[PDB]
Amino acid sequence: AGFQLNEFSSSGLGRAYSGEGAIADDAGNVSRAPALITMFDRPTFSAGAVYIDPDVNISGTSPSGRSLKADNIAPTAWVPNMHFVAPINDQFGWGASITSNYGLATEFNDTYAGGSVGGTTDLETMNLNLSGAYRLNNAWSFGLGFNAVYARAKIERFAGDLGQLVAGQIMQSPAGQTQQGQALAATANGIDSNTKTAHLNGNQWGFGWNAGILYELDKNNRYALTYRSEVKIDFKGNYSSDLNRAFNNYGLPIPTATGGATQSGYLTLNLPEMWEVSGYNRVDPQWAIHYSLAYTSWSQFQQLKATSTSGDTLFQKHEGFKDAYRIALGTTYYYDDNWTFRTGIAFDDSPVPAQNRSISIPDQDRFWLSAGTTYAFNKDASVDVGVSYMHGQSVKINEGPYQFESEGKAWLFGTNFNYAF
Ligand SMILES: CCCCCCCCCCCC[N+](C)(C)[O-]
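Residues numbered from 1 in each chain as written, not as in the entry; some residues may be left out. Heavy atoms only, no water.

Structure determination for this PDB entry is given in the record as X-ray crystallography, at a resolution of 3.20 Å.

This is how it looks when you write it as structure tokens:
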């Protein structure tokens, strides 16, 4: 799922996020579907956090006989969540919440070899939704939400061995047979591994809305169709490139050189839209079943091109992602007043068209398996605890002169606190 994450609740995690938009057993879900609010008698609160601990790795060798082995580049994270749904009147009621739909954090060492294309890339995301719902007849329920999306990103690449490859390349030719090519090559074979090759950094707020639909057969069965729009973040950050201002103009496909001087960069982060369709079926007094099919247009994520005050290009990477689907199915078992339990499986096809593959966004079809429990205290309180094992598919990624190979697994763990009036 590119750099998109759906950890909005701990009860959600427990069921590998299925039926979401059709399950309102906690305020956690109104975030997915605005229409879910029309399902709450009383004011409900809930806030928790998801503990993400990935295990991605890179392996490989550089033409410079160097090691491209990038061990565990994915850092543990904490994605917390806060929700609040509350009735206004029998046909109307609003809600609010703080969630994070997107995120990314891959980091190698400044002395990595494939460091040209792998060094440090982070993305902090925080969606603030304020949705309102309107019931209609005994089955339909429309919902709408507004979103302010704060982001903090900081890209940073360094020169790995390219200077050495760059050098050899020159000398390996006629150029090398000249005090200049010999000089032009000496300059190149000098570049230490940790020479900041590019630094983009800036934070901004983005805006988007999201509508919802709810149609039910009765208090036990329903289906949903939701829509979360695209979000075009226009940053205004800082650009720094320690490469002398001489490497400039030869058109070497190298990120503009400032000379270590911080210039004023511009970037546009495109957060893909999401459509989703899920259903919920309680077939017994204890059993229930939910499933969903999501489609995210990663088509909208084409590149990341930086640009100066006067409009000239500094940094630029082609993503050319494409759309993709997520699929999920799970069950909820209502034991007694107290105990509740969940399980689930899911599968999402990566949007990265194998070829545009990149070691900074080591993505690979992911597989979810989750289990969780809930324990209500008295019809007004209840704590959530969820866990999920995620695994991917080893891919081959040819970038720059280099060729890598990344495999990755991740284990999840959330716990939310519920309260009502
Ligand atoms: C001046 C803005 C500087 C921030 C640059 C934006 C970085 C967004 C990171 C998310 C995309 C991840 N990727 C493809 C670059 O690895």
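Chemist: For this particular structure, what's the right way to read the overall build of the protein chain?
Modeler: The secondary structure content of the protein chain amounts to three helices and 24 strands. Taken over the C-alpha atoms alone, the protein chain extends approximately 85 × 40 × 30 Å along its principal axes. Within the protein chain, the fraction of its 421 residues that count as buried is 53%. The contacts of the protein chain with a sequence gap of at least 6 include a subset with a gap of at least 24, amounting to 69%. In the structure as shown, the protein chain presents an accessible area of about 18,800 Å², 56% of it carried by carbon and sulfur atoms. (Helix = DSSP H or I, 4+ residues; strand = E, 2+ residues; numbered from the N terminus. Buried < 20%, exposed > 50% of the residue type's maximum accessible area, 1.4 Å probe, protein only. Contact = heavy atoms within 4.5 Å. Areas by Shrake-Rupley, 256 points an atom, 1.4 Å probe, with all protein chains shown as cover.)

Chemist: Before we go on, may I ask you to explain helix α2 (residues 162-171) in this structure?
Modeler: Every α-helical turn comprises 3.6 residues, leaving residues that sit three or four positions apart pointing alike. Within α2 the residues assigned to the buried category are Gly163, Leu165, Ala167 and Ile170. In this structure, the buried side of α2 is in contact with β2 (61-62), α3 (179-188) and β24 (402-420).

Chemist: Just to check I follow, could you spell out the site of the ligand for this structure?
Modeler: Neighbouring the ligand are 15 residues, the closest being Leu104, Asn201, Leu304, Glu319 and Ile361. Contact with the protein chains covers 98% of the free accessible surface of the ligand, which is 480 Å². Going through the elements one at a time, β7 (120-135), β8 (140-159) and β9 (195-218) are the ones with two or more residues in the shell around the ligand. A class-by-class count of the residues in the shell around the ligand yields ten nonpolar, four polar and one charged. (Near = heavy atom within 4 Å. Nonpolar A, V, L, I, M, F, W, Y, C, P; charged D, E, K, R; others polar.)

Chemist: I tried to follow the packing of aromatic side chains on my own but got confused; where do I start?
Modeler: Aromatic ring pairs are defined here through the distance separating the ring centres and the angle between the ring planes. Inspection of the entire model under this criterion finds 29 aromatic pairs. Judged by centre distance (5.0 Å) and plane angle (55°), the rings of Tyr227 and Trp275 are tilted. You can see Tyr227 sitting in strand β10 (residues 221-228) and its partner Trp275 sitting in strand β15 (residues 274-281), a full 48 residues away along the chain. Pairwise contacts between aromatic rings join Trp287, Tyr333, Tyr335, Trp339, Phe341, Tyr375 and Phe377 into one cluster. Above the ring of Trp368, the side-chain terminus of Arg326 is found at 4.6 Å from the ring centroid. (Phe/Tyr/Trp six-rings, centres within 6.5 Å; stacked < 30°, edge-to-face > 60°. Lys NZ or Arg CZ within 6 Å of the ring centre and 35° of its normal.)

Chemist: I'm lost on unusual backbone geometry in this one. Help?
Modeler: Among all residues save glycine, negative phi is the norm, and among peptide bonds the norm is trans. A positive phi angle, near 55°, is found at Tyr17, a position not held by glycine. One can find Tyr17 in the loop between α1 (10-14) and β1 (44-59). On the basis of relative accessible area, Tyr17 is assigned to the buried category, the value being 0%.

Chemist: What am I meant to see in the nonpolar core here?
Modeler: A general trend in soluble globular proteins is that nonpolar side chains are found buried together. Ranked by size, the top nonpolar core spans 25 residues in total, and within it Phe3, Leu200, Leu269 and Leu271 carry the most contacts. For this core, the elements supplying multiple residues, two or more each, are β8, β9, β11 (231-234), β14 (268-271), β17 (303-307) and β18 (313-318). Per-element accounting of this core gives the leading share, four residues, to β8. The residues touching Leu200, leaving out its near neighbours within four places in the chain, are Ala153, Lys154, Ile155, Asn238, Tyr239, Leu267, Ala306 and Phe315. (Core = buried A, V, L, I, M, F, W, Y, C linked by side-chain atoms within 4.5 Å.)

Chemist: Teacher, can you tell me more about α3 here?
Modeler: What α3 keeps buried is the set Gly181, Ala185 and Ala188. Buried residues of α3, seen end-on, are gathered within an arc of 50° and therefore sit on one face of the element. Of the residues in α3, the exposed ones pointing more than 90 degrees away from the buried face are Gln179, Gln180 and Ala186. In this fold, the buried residues of α3 make contact with α2. (Arc of directions from axis to C-beta.)

Chemist: Is there a simple way to explain the pairing of strand β20 (residues 339-348) in this structure?
Modeler: Walk down a regular strand and you will see the side chains alternate between the two sheet faces. Side chains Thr340, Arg342, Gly344, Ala346 and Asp348 project from β20 onto a buried face, and the interleaved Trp339, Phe341, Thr343, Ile345 and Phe347 project onto a face without burial. Sheet topology note: the strand β19 (residues 324-333)/β20 ladder contains eight bridges and is antiparallel. The residue bridging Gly330 from the neighbouring strand is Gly344, located in β20. In sequence, β19 turns back onto β20 through a hairpin of five residues. Bridge count for β20 against strand β21 (residues 366-376) is ten bridges, and the pairing is antiparallel. Bridging across to β21, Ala346 finds its partner in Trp368. (Pairing = 2+ DSSP bridges.)

Chemist: So what exactly am I meant to see when it comes to the environment of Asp122 here?
Modeler: The residue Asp122 is located in strand β7 in this model. Along the chain, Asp122 and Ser370 lie 248 residues apart, while their C-alpha atoms are 27 Å from each other. For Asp122, the residues in contact, after removing those within four places along its chain, are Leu104, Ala105, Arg152, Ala153 and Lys154.

Chemist: Is there a simple way to explain the pattern of salt bridges in this structure?
Modeler: Pairs can form between side chains of opposite charge whenever their charged atoms are close. What the rule picks out here adds up to ten salt bridges. When the shortest N-O distance is used, the salt bridge between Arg32 and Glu276 registers 3.4 Å. In this pair, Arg32 sits in the loop between α1 and β1 while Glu276 sits in strand β15, placing the two residues 244 residues apart along the sequence. The shortest N-O distance in the salt bridge between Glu124 and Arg152 comes to 2.7 Å. Taken together, the residues span a long stretch of sequence, with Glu124 in strand β7 and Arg152 in strand β8 at a distance of 28 residues. (Salt bridge = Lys/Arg side-chain N within 4 Å of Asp/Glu carboxyl O.)

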